[PDB]
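Okay, here we've got a single chain as structure tokens, the form deposited in one PDB entry, with questions on binding and movement later.
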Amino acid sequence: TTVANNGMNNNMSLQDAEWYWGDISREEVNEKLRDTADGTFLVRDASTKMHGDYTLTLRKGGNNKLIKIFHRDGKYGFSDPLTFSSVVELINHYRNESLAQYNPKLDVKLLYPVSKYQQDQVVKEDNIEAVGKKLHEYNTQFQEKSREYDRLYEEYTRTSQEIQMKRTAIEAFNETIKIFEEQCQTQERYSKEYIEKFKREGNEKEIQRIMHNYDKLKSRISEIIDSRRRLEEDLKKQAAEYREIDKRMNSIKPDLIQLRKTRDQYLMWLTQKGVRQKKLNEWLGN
């Protein structure tokens, strides 16, 4: 949540405020406004980097609605005329009143600042050596864990290909059994009126030989049911392996994305604090 309570000085400093963020690109402002609700807003330095354009990215209807305020004769406002002086009292006036004054379509007035120092609350150890060691161990843990997640995704793809080709092989066995059963039914239809006549004329050696090589058909279907069984047990345990590998990447993905979020916020902290890559690049360049 937002505590606000900046103070009694309404026309306060532009550079340090809950609304302000400075010269930030679209990627990280899209990261900030994601998973937000109505009335969530943010004001940054504009994409043109001109003198005081200072666009706004209020959230409404699931879209980062990109309001731009003007810089006419040193004043600010959503659109002409610019009857309001300062941006802080502008956003406070839209915190007090609706947006129906300038345009009718907008309904939400304002609900939630995205403060620059809300994330700064959870961070500590302002001294350089502590955050240096913390960033080093965060980076090596992130590298090892990203290698583990890449291995997990490779295993997931390999098991998906294995289970897909085994599923196709099982379907091929199913089609083979269907063809063999249809052939068996057809030959029963032909042979229900064939064997007993050659019995009636009195000879059985040909019948026992054709019965022997007919039993070869039932023998063959007997081992191919065995092969389909050994491939279907294989399919079931490989599906279980696929499920547990998906469970492992289920466990590995979310702490990975929040660790990446913390790494990004630490990069932002180093950027705003002013120290660039001086000694951290020496370890990674080895």
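All residue numbers refer to positions in the sequence shown, first residue = 1. Under this definition, the rigid core comprises the largest set of C-alpha atoms superposing within 1.5 Å between the forms.
What follows is about the form deposited in another entry, which we do not show.
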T186 C-alpha moves between this form and the one not shown by 2 Å or more, core aligned: yes
I want to check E175: does it shift between this form and the one not shown by 2 Å or more at the Cα, with the core superposed? yes
Taking the rigid core as reference, does the Cα of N203 move 2 Å or more between this form and the one not shown? yes
